[PDB]
Structures are given as C-alpha cells and as structure tokens.
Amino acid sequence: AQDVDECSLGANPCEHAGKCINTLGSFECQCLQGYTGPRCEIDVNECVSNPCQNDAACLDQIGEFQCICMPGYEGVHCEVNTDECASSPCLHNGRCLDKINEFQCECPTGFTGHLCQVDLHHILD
C-alpha cells in the first residue's frame, strides 16, 4: 500500500530530529548533518575517508571528526607542521632549522650548542 501521512500519526518516524516529509505511499526524512539512512538511523563515520594526516588518531563524533595530532603537528587534519623557529630561538646569529616538535640551531664558527649559547672565541686563557 498505502495512503497515510506518517508524519502526523504521533512520534516522529525520522530519528535524530530529522524533518518528516510526507509522500503518497511513503514518507522521507530530511536528516540533520552527520546522520544518514531512510529514517536518519545512522551516525555517519566521519573517519571512514581517513581525514587525519601525519599518523594522527581520528575520532568519529556527532556530525564531525576530530584529529588527535602526533607531537609537532596541528590543524583540523593535523596537516600543519608547527613552526618551532617562529620565536627565532638561536643566539649569536645562529640559523634555525624547523624539525618535528623541535628545532636545530646551525651555529656560526666559534659558537655551540642547542641555542648557540657557548662562546668559544671566549676561551681566552
């Protein structure tokens, strides 16, 4: 069959607050974001297409995914390698190299270590 407005019997036949739209012989559901199926029964797996980059963990949530980034990465898809050289950390005209969740200073001659702190022209004795 059958001629009836399924949207007017009582409870909403569409799950997860979808909008019920009557048709002749059936009905249709206008689903909210993140829900699928004839009656919006399914919570879509937003992680199914592997959106999280750089070995991030994908969290399948309500109408969205969340990425948990590997250290040193950021962004919605963990697509951004954080720039550790942004604060220009190298002393004495050292050159900063960005790495993963860290930086490297390329010190000029006569200077060492991590931040080029040690003056070796200073070894005056």
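A residue's number is simply how far along the shown sequence it sits, counting from 1.
Colleague: Tell me which stretch has the larger mean Cα B-factor in this entry, 74 to 82 or 93 to 101.
Modeller: 93 to 101 has the higher mean C-alpha B-factor.
Colleague: Going by what the PDB entry lists, where does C52 fall on CA B-factor within its chain: lowest, middle or highest third?
Modeller: Middle third, going by the recorded CA B-factors of the chain.
Colleague: Going by the CA temperature factor in the PDB record, which third of the chain does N22 belong to: lowest, middle or highest?
Modeller: Ranked within chain, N22 CA B lands in the highest tercile.
Colleague: Grab the CA temperature factor for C67 from the record and place it in the lowest, middle or highest third of its chain.
Modeller: Within its chain, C67 is a lowest-third residue by C-alpha B-factor, going by the deposited values.
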